[PDB]
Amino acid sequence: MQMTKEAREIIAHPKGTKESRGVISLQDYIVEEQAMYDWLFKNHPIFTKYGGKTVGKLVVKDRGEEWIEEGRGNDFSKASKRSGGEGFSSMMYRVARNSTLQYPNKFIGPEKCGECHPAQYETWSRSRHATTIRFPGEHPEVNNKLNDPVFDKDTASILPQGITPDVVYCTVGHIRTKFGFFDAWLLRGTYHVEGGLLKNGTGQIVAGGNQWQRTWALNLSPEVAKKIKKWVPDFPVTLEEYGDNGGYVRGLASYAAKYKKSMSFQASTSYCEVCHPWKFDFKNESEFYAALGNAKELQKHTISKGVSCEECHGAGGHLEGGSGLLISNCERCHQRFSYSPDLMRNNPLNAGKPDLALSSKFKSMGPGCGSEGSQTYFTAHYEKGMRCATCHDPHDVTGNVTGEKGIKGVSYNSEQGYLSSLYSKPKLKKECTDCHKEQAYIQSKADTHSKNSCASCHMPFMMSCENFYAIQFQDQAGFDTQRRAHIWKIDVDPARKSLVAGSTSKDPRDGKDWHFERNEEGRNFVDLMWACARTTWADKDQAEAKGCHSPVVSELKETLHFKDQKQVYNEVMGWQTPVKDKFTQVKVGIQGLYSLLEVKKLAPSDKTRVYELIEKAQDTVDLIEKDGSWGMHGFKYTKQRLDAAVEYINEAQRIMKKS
């Protein structure tokens, strides 16, 4: 057992700044983790109780790999002029302030910020930022039964087999999408126990079957899976067909682990403390390591859980003795840059500019949760100065969502506010209609999609939280679809996809180097299958609008179930072709007449009329060009205006003739 080679090379020859400059920087964080892994190798029960034997190999994954190697950081580093191409690049995972390995820290806890800022405490406290980290006893949404089935009695409990609350420090997550756990040794829970209990050192440690997944447990029954299989012939139906991604019961999937084959061995320090953090109140590291291995002692000494005030604003915020106030830009946890060699090779003028080949973290073939920032970085919105806080309230990030009263589960409790909810409804400072007036105007007119939100087409749930690759069939715009894309640009095309395999991929399902495609303007885009026909169980708008056009969840008539991108493109063109044809005629007419007002004299009263008509026709052209949807924001009204405008041009042309 040892740390990753990358970590060991840095430990052997470190070039941090803590000792030389008195300022901590990337390499210092890599170095400081050595003692934690030494401790775990001697003290974790996998070794003390199970003799280092597991069903599946242990694969150590420390900061050396996560904070340096992920997102092809080493390839990015080589493509950069920084440090002569010999440097390191932390693409996805890193902290801005001290890690949980430094004691003492200056955290005072959110309740103390709340004494003076009760208003923000209240909104923050009813958000998933506040409860992403929770202890046993803090799950009223499952009546505090972490080991009983949540929904149907043949589906999974939140905790895996053999894992009981007394050896769990915390759960991570929510009913919203999924849960994970950390054991009392603060080791990421990538395993379960068969034929025994971790608590007693009995049975066997088995890789995988460690991650509770709401959609698989609740929505994705074998019956639903058979329905998908009619359309997608290789969709897995039985548990065994979920393979390495699955496990022993539906709802508990293998994550950072392949069922019975391999499992990551990872401290919270290496990864999870970047985005689902906690802080302890210990005065020094001796106190910390003494408690390490007892959940109750660690819980009692926990001064901050989850994404609290001070995770965003800094320890002690602006207070005297604190570490200095920050205003988060969200990129610690919501950015997730991933360098793509394929995007780099699109243009020779990219030489020395590898930032132009950044994409987003992908979980196998889907863009990963927490990648909204790397998505928005290649949008017109980001170019125009817009950031997360432009649109989002940074405190009330969950909104007034509630549980599902029609769900009859063995443990599920629908009455616990947002904790019971399958959805998110973040509080917004800006709606699309605030900035896009012409689009709002046309889309407000009574028509096919006028009831739907702008976000319903423009912000599909493309993102994978669970890395449930066994159900990722991305050309069918499903089925591992749990977070919302922040791309906005919709591409209208019969074939071009948003998501593409890397050129290193040797099998269409191996998931190698997937990335977002870039359009002609160098921007990310949403293809029409995602925009119109995606299948998801995370999207409240979709569920309130008859499942949109998904062959799996649509309640529309079968001819409006969109089964491939070309079909969707055909529907779009049914509206766009007639709009563009009339649009062109009108503009052709407007020039036909403007120019021909030099080659003819008219009775002043006819001249007035011709001017008047083409001026009104020009108003319609401008509105439609500015709208830019070519009828997709409202065919009926767009056609009404274009019909009028061609009448104007014909009336004017009739007049010009009589001369």
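We number the residues from 1 along the sequence you see.
### Given 401-409 and 422-430, the range whose Cα B-factors average higher in the PDB entry
Per the PDB record, 401-409.
### Task
With reference to the PDB entry, specify whether the mean Cα temperature factor is higher for 225-233 or for 265-273.
It is 225-233 that shows the higher mean C-alpha B-factor.
#### Entry: Which of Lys489, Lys78, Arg534, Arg496 ranks first by CA B-factor in the deposited coordinates
Spelled out: the listed residue with the top C-alpha B-factor is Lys78.
### Task
Pick out which of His515, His561, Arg188, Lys445 has the highest C-alpha B-factor in the PDB entry.
Across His515, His561, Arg188, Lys445, the entry lists the biggest C-alpha B-factor for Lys445.
### Task
Sorting the chain's modelled residues by C-alpha B-factor, tell me whether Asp148 ends up in the lowest, middle or highest third.
As the PDB entry reports it, the C-alpha B-factor of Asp148 lands in the middle third of its chain.
### Query
In terms of the chain's CA B-factor thirds, is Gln439 lowest, middle or highest?
Within its chain, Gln439 is a middle-third residue by C-alpha B-factor, going by the deposited values.
### Query
What third of the chain, by the recorded C-alpha B-factor, contains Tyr29?
Its C-alpha B-factor belongs to the lowest third of this chain's values.
#### Entry: Where the record places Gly87 (Cα B-factor, split into thirds across the chain)
Its C-alpha B-factor, which the entry lists for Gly87, ranks in the highest third among residues of this chain.
### Message
Among the modelled residues of this chain, does the Cα B factor of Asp396 put it in the lowest, middle or highest third?
### Response
As the PDB entry reports it, the C-alpha B-factor of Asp396 lands in the lowest third of its chain.
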